[PDB]
Amino acid sequence: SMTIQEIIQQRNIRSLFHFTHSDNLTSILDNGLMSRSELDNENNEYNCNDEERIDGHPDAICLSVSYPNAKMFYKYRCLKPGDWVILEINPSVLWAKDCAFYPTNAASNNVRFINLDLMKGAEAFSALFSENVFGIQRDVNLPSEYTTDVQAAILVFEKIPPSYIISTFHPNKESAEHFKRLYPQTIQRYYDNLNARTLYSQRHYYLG
DNA sequence: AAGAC
Ligand SMILES: NC(=O)c1cccnc1
């Protein structure tokens with residue numbers, strides 16, 4: 001059976017993504033990504049989105065494969081003013097860290113009741129690219145690196161050190177420059193015109 | 001363009 005690494009190679013996956021409010025970025029670039037449970041245990045300040053955590057795994061960090069969860073992301077941009085950023089993360093996390101793989105949002109009733117052990121591993125990862133995910137039929141032109149359902153999720157049950165963050169995307173140049181000054185060894189990227197296909201876009205538009 | 005229960 002194919003390994004996680006083999007699937008990455010075959011599908012041309014190059015990026016994992018994690019959106020977050022800019023309020024969190026200093027702390028993430030300093031300390032790495034941490035779960036809600038761990039931030040609470042360390043008494044670290046953070047700005048979270050979800051007030052329910054219906055997934056049931058507050059000790060896990062949520063990532064996306066190849067494109068952010070543009071639906072949940074846009075919701076929280078409407079609800080929380082200020083700049084949002086998108087962390088780009090090495091696909092190596094998928095094998096190097098303790099990951100569970102979900103073909104849709106990890107809070108969905110379609111996936112959250114399954115034995116967590118069945119969601120680890122290459123078989124669970126391959127399911128993110130299935131021809132039909134709980135009624136979403138994969139488009140025949142969707143490129144190989146994209147999940148069938150834009151909300152497909154990775155839950156990472158340990159910390160992600162900042163060396164796995166390969167770049168960070170900003171919604172304006174000033175935001176990127178601010179963080180570049182503070183973190184000169186890191187890559188801080190930005191869009192000048194947000195009227196464009198950007199990682200802030202819905203995926204169907206981005207790939208259109 | 002607005003998850004999840
Ligand atoms: N922060 C994230 O990128 C995220 C959160 C919830 C679901 N999928 C991704």
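A note on names: the letters A, B, ... follow the listed sequences, proteins ahead of strands, and every chain is numbered from 1. What's counted below: heavy atoms across the whole structure, side chains too, no hydrogens, waters or symmetry copies.
Look at A:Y74 and the base of B:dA1; the rings stack, centres closer than 5.5 Å and planes less than 30° apart.
Residue-level contact check: A:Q151 touches the backbone only, with heavy atoms under 4.0 Å from sugar-phosphate atoms and none from bases. Within 4.0 Å (heavy atoms only), A:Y200 reaches at least one base atom of the nucleic acid. Contacts of A:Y76 with the nucleic acid, taken as non-hydrogen atoms under 4.0 Å apart, include base atoms. Contact annotation for A:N109: backbone-only contact, meaning every heavy-atom pair under 4.0 Å involves sugar-phosphate atoms and none involves a base.
Note: OH (A:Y67) to P (B:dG3) measures 16 Å, nearest angstrom. Between A:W84 atom CH2 and B:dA2 atom P there is a gap of 15 Å when expressed in whole angstrom units. Atom CD in A:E51 sits about 14 Å away from atom P in B:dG3, given to the nearest Å. As a whole-Å value, the separation of A:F19 CZ from B:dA1 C1' is 13 Å. Between the NZ atom of A:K80 and the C1' atom of B:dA2 there is a distance of 14 Å, rounded to whole Å. Here the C1' atom of nucleotide B:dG3 and the CG atom of A:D149 are 10 Å apart, to the nearest Å. The CD1 atom of A:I54 sits 7 Å away from the P atom of B:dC5 (whole-angstrom rounding). The separation between A:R77 atom CZ and B:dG3 atom P is 13 Å, rounded to whole Å.
Atom OG of A:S201 and atom NE2 of A:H204 lie 9.0 Å apart (nearest 0.5 Å).
One cannot find a donor-acceptor pair under 3.5 Å joining the base of B:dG3 and the side-chain atoms of A:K71. No hydrogens or angles were tested; on distance alone, nothing pairs the side chain of A:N49 with the base of B:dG3 as donor and acceptor under 3.5 Å.
When the side-chain nitrogen and oxygen atoms of A:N105 are compared with OP1 and OP2 of B:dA4, none of them lie within a distance under 4.0 Å.
Relative orientation of the A:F125 and A:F129 rings is perpendicular, given thresholds of 30° and 60° on the angle between their planes. Ring geometry, A:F73 versus A:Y200: the interplanar angle falls from 30° to 60°, so the pair is classed tilted.
Cation-pi contact between A:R181 and A:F179: absent, since separation from the ring centre below 6.0 Å together with deviation from the ring axis within 45° is not met.
A:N24 places no side-chain N or O within donor-acceptor distance of the main-chain N or O of A:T20, the cut-off being under 3.5 Å.
Closest to the side chain of A:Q202, from the set B:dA1, B:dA4, B:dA2, is B:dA1.
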